[PDB]
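Just one chain follows, in the form deposited in one PDB entry, and it is written as structure tokens.
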């Protein structure tokens, strides 16, 4: 990985914090002749354990193996000086879940579907690279000023450990139940096909402008509903093709789910023939307004 000297990094504002470090927006100056570029910077505070160092630098190591438009790009690391830092491109619109909730109703259906195609292309790349995400969710997608959505949050075990949506289960594992495929919940089987289930949940998150999956149902009630065969209902204003696709992501039998290649192909064809998105799935209303 590229080693960046600390004098090249200016931390400007905290944008995220945890117990063992923070995420900042800042600037990176590589050379005398080129203007500084905005970056995100994540630190690791003094006293970190061996495991913390391995996990922290391991996220950078994984990210440095990837080169794809829809995967967060690493600028480099500070490892020769303390505090250690990871420096990435700066995604101006932040996390997709919060972005959607703050921009409710502001996009066209075609823009929303384009977000999904970008996420799907990043996931196809990760799956092809033999990288299983385990925590695919709108909160772990970042959005730039071109509306490009990039997958983020990498690592072997730090990902689920660090995410407060991942909760301890009766069996002892820590997982984000509402996003996780049944085989991953039941027996800890995380594969690219469990990431496909999660992708279907992200599709529902995007098309609802960031609604919370399953609304107020508890984690146990979500699992019971999925095992009973229930699935999330159609969002309002959702293209039929898009709801069909998310429902195929949620097949109980892992082998019946589409692969990411199939998802990318379908989304790209829908976008290329955008009238295809004008046919909407029926929406089931919770409330009846009657007027004479």
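Numbering follows the first chain given and starts at 1. By rigid core we mean the largest C-alpha set that fits within 1.5 Å across both forms.
Figure legend: residue 143 is marked as modelled in all of the other comparable entries of the protein, none of which omit it, let alone a third. Residue 178 is built in all of the other entries compared, counting only those with both neighbours built, so it is not a gap in a third. When the mean C-alpha temperature factors of 144 to 152 and 167 to 175 are read from the deposited coordinates, 167 to 175 comes out higher. Legend: mean Cα B-factor per stretch from the PDB entry, 39 to 47 versus 245 to 253; the higher mean is in 39 to 47. Per the PDB entry, 229 shows the highest C-alpha temperature factor of the residues 235, 258, 239, 229.
Which of 210, 118, 200, 83 has the largest Cα B-factor in the deposited entry comes down to 83. When the modelled residues of the chain are ordered by C-alpha B-factor, residue 128 sits in the lowest third. Sort the modelled residues of the chain by CA B factor and residue 217 lands in the highest third.
Among the modelled residues of its chain, residue 97 has a C-alpha B-factor that falls in the lowest third according to the deposited record. When the modelled residues of the chain are ordered by C-alpha B-factor, residue 186 sits in the middle third. Sorting the modelled residues of the chain by their CA temperature factor places residue 157 in the highest third.
The protein also exists as the form deposited in another entry; that form is not presented, and the subsequent description refers to it.
With the core superposed, residue 15 shows a C-alpha displacement of at least 2 Å between the shown form and the other one. Once both forms are fitted on their rigid core, the CA atom of residue 44 lies 2 Å or more apart between the shown form and the other one.
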